[PDB]
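Shown below, as structure tokens, is a lone chain in the form deposited in one PDB entry; questions about how it binds or moves come after it.
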């Protein structure tokens, strides 16, 4: 009985078009994603890994719906892939049908549907029995935003409207090394499993990056904004704690654990986003220049890759 509306997901950090304040009532929003396993270069030294992704990107695209809409996803696992995948949504309640029904082997496809009853930004990631850590730390995760029917509100209940929105997915990678110390390459994901588990148990990442690779959000790929623009930055980490910080700016309004029924925190310099969570920060640029966006464990940002840039224009 509910009207359906198709959406075309875009590669992060960008987000598909949508209305902050819903212009209708509940609806069934239809999304589509194609799982893609592929080699990926994550740093400047040509370090390669077998990434497992949603739509060929790390992180997966940001989905945006409104409180009480129905999210319908068509997940496709082409026969070009070699592994089983089972998507999991933190915004949903229950098993969504059961592993047997959600699970998708190479050459299969399935449709999921659940009601987004809670407003906020949530993490979605793969959860294949016995290999959860592996898929998640291979890039198989993203986030979905469930906006309150009439947009975001400040601590006073007054509206907060953003002019721009970016989705920064933080990914921790655990690239296995040999005896010498050199990183290792593999022909297929499976051959990497053995060493991958061993590397993950060290609990020490070799790389921590935004949008899939070192520098992915710097240079000409830097995020953009103009003096006076209100920007919303959705940040997620599906497996490890992170602490975002906007160098030269602040988090005017922050939902560190990303759930909008809770009023936001003000004037945050840095905020902690727990592993397995998505967070959202709201900031209004008052000056031009270059603003870095980092994980404030500076070793993780400047050594392992967790840093990006914000190019802001306008007159000083």
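Numbering follows the first chain given and starts at 1. Take the two forms, superpose them, and find the largest set of C-alpha atoms that agree within 1.5 Å; that set is the rigid core.
If you look for the form deposited in another entry, you will not find it shown, but the lines that follow are about it.
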- prompt: If you fit the rigid core between this form and the one not shown, which of 130, 94, 157, 181 ends up with a C-alpha shift of 2 Å or more?
  reply: 181
field: Is_shifted residue 78 between this form and the one not shown (CA, 2 Å cut-off, rigid core)
entry: no
- prompt: Against the rigid core, is the Cα displacement of residue 190 between this form and the one not shown at least 2 Å?
  reply: yes
- request: Regarding residue 98 and residue 88, go with closer or farther for their CA spacing in the other entry versus this form, the difference being 3 Å or more.
  value: closer
message: Closer or farther: how do the Cα atoms of residue 136 and residue 100 compare in the other entry versus the shown form, where the change is at least 3 Å?
response: closer
